[PDB]
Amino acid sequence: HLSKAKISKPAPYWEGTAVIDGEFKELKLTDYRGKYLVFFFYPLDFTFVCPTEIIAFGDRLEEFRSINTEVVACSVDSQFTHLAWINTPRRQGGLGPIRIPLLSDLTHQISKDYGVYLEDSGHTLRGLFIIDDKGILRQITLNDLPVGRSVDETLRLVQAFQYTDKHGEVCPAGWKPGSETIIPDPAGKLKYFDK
């Protein structure tokens, strides 16, 4: 069972049970059409780096929502475990209440489709996916277990993709809103380089 997640192709469809606002809801990748989606996997509820990533994104949710972007998290844990984890205080490595959905992937189908499943561990690695508003996969970020991701970098990439989507210029190494872009032409490119 190989990864179906290929950049510049539709992101692999998924659906399953998620904990949303303390309740079980059916959630589908297509529920997010028309918005950008940061879709990210994390290894395991009641672990270490994992809660910090969920909380980091959750507490900065408006920086995504103010740019038409949603955030969904997923692990192979069941929805009952997700809820228990939510009802655990941050002070003991719980999430506490949380505004981002927690998708459950007990069958591992979603993790396999995204190519983030670890056959030897029975869970996911640190895999984040940026999916545009048309449902096209744009960016893949995969981290080995011990190192957490970055909300700032994720943010920069969403903003870059939204900008190239809109203007049809391209973003140089390190681009942040306000930085110089490049006209992708053998001639038009000289505006950027010459100066």
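C-alpha atoms forming the largest set that superposes within 1.5 Å between two forms make up the rigid core. Don't overthink the numbering: it's just position in the shown sequence, from 1.
- Where the structures in 5 other deposited structures of this protein are fitted on the rigid core, 42 to 50 is the one of 66 to 74 and 42 to 50 whose C-alphas sit farther from the shown form on average.
- Annotation: of the segments 85 to 93 and 98 to 106, 85 to 93 departs further from this form in 5 other deposited structures of this protein (C-alpha atoms, root mean square over structures and residues, core superposition).
- When the C-alpha B-factors of 177 to 185 and 6 to 14 are averaged, 177 to 185 comes out higher.
- Of the two stretches examined, 65 to 73 and 141 to 149, the record assigns the greater average C-alpha temperature factor to 65 to 73.
- For the set 26, 59, 132, 53, the PDB entry assigns the largest Cα B-factor to 26.
- Listed residues 106, 98, 125, 102 were ranked by CA B-factor as deposited; 98 comes out on top.
- Sorting the modelled residues of the chain by their CA temperature factor places residue 170 in the highest third.
- Residue-level temperature factors show residue 111 in the lowest third of its chain, judged at the C-alpha atom.
- Ranked by Cα temperature factor within the chain, residue 159 sits in the middle third according to the deposited record.
- Ranked by C-alpha B-factor against the other modelled residues of its chain, residue 81 falls in the lowest third.
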